[PDB]
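Participant: part one of the complex, left exactly where it sits:
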Amino acid sequence: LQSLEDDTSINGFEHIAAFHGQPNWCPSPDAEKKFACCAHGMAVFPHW
């Protein structure tokens, strides 16, 4: 965990965690308004 969190690049723990927050690429990275893909209440929540 120490090594992973000290890492900063695309392998960084910070980015692997920010998948579930900001910055946002959801639904598509190119959109006027962006959200997070934390699919809540939908039928793909356990899958994700």
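Facilitator: Thanks, I have the structure now. Numbering: from 1, shown residues only, chains lettered A, B, ... in the order given.
Participant: my guess is residue A:25 meets residue A:31, correct?
Facilitator: No: contact between residue A:25 and residue A:31 fails when scored by Cβ atoms under 8 Å: they sit 9.1 Å apart. Placement of C-beta: from N, CA and C, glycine included.
Participant: and residue A:28, how far is that from residue A:40?
Facilitator: To residue A:40, residue A:28 is 19 Å away according to Cβ to Cβ, to the nearest Å.
Participant: now do residue A:30
Facilitator: In terms of Cβ to Cβ, residue A:30 sits 23 Å off from residue A:40.
Participant: how about the helices in chain A?
Facilitator: Remark: helices assigned in chain A by DSSP state H are A:2-6, A:13-18.
Participant: Would you mind pulling the contact partners of the first one?
Facilitator: Same thing as helix A:2-6. Helix A:2-6 is contacted from outside by A:11, A:12, A:13, A:14, A:16, using Cβ atoms under 8 Å, 6 or more residues apart in numbering.
Participant: and then chain B:
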Amino acid sequence: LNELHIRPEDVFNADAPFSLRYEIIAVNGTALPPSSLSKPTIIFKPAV
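Facilitator: Let me add chain B to what's already shown:
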């Protein structure tokens, strides 16, 4: 358009000739929204 095998007159033609899909890619990879830039246009140029 020549390798696409579409003659220039086909642009004027009442048939729907084609369109273009543009997209902007940032240096760091985070593609910007297409709204940040205007709509490209197609110009014609006759012979002299």
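Participant: so what's the backbone phi/psi at the residue of chain B found nearest chain A?
Facilitator: Relative to chain A, the nearest point of chain B is residue B:31 (4.9 Å; Cβ to the nearest Cβ). Backbone torsions for residue B:31, taken as degrees, to the nearest 10, come to phi -60, psi 130.
Participant: Now for it, how many residues are close by?
Facilitator: 14 (other Cβ atoms under 10 Å in any protein chain shown).
Participant: shouldn't it be in contact with residue A:31?
Facilitator: No: the pair residue B:31 and residue A:31 does not pass the contact test of Cβ under 8 Å, sitting 10.0 Å apart.
Participant: end to end, how far does stretch B:33-48 reach?
Facilitator: End-to-end distance for stretch B:33-48: 40 Å, by Cα to Cα, to the nearest Å.
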